[PDB]
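Notes follow once the structure below has been shown.
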2 protein chains.
Amino acid sequence: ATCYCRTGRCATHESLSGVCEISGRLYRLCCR
Amino acid sequence: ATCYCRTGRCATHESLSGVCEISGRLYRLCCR
């Protein structure tokens, strides 16, 4: 899958597929 | 960043960078 751990909302044509934990902060996992 | 949420270990050239949670399972976040 092609995904990004985003500080903000998922982009156009992405879906929220889960979350990322990076260095004590939570991120959206946005995938397309 | 170009990262993958992997079921297995990170590749030799990748850097373990965090954790993905997707549909009730945890995955390594492995980044180029």
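Ordering of the structure tokens sets the chain letters (A, B, ...), residue numbers begin anew at 1 in every chain, and ligands are numbered from 1 in the order given.
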
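Between chain B and its sequence-identical counterpart chain A, the C-alpha RMSD after optimal superposition is 0.4 Å.
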
Could the residues of chain A that have an atom at most 9 Å from segment 6-19 of chain B be listed as CSV, each with its closest atom pair and the distance in Å to one decimal, counting only C-alpha atoms and ordered by chain and ascending residue number?
```
residue,atom,partner,partner_atom,distance
A:19,CA,B:19,CA,8.4
A:20,CA,B:19,CA,5.6
A:21,CA,B:19,CA,5.1
A:22,CA,B:18,CA,4.6
A:23,CA,B:18,CA,6.9
```

Practice problem: From the DSSP assignment of the backbone, select every residue of chain B that is strand (DSSP E), and format the answer as number ranges by chain. | Solution: B: 3-6, 15-22, 25-31

Written file, previous selection with C-alpha atoms, as a short mmCIF file (atom, residue, chain, number, x, y, z; two decimals), in the first residue's frame:
```
data_model
loop_
_atom_site.label_atom_id
_atom_site.label_comp_id
_atom_site.auth_asym_id
_atom_site.auth_seq_id
_atom_site.Cartn_x
_atom_site.Cartn_y
_atom_site.Cartn_z
CA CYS B 3 7.73 4.46 4.63
CA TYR B 4 6.04 1.13 4.80
CA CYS B 5 4.12 -0.50 7.57
CA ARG B 6 5.62 -3.93 7.59
CA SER B 15 15.21 2.75 9.42
CA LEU B 16 12.68 1.59 11.98
CA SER B 17 10.87 4.80 12.69
CA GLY B 18 7.72 4.04 14.64
CA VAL B 19 4.65 1.80 14.74
CA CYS B 20 1.58 1.60 12.48
CA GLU B 21 -1.72 0.39 13.87
CA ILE B 22 -3.97 -0.90 11.06
CA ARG B 25 -2.66 -5.14 14.35
CA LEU B 26 0.64 -3.39 14.95
CA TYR B 27 3.31 -3.07 12.26
CA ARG B 28 6.80 -1.68 12.13
CA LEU B 29 7.06 1.69 10.33
CA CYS B 30 10.15 1.26 8.15
CA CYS B 31 11.38 4.28 6.29
#
```
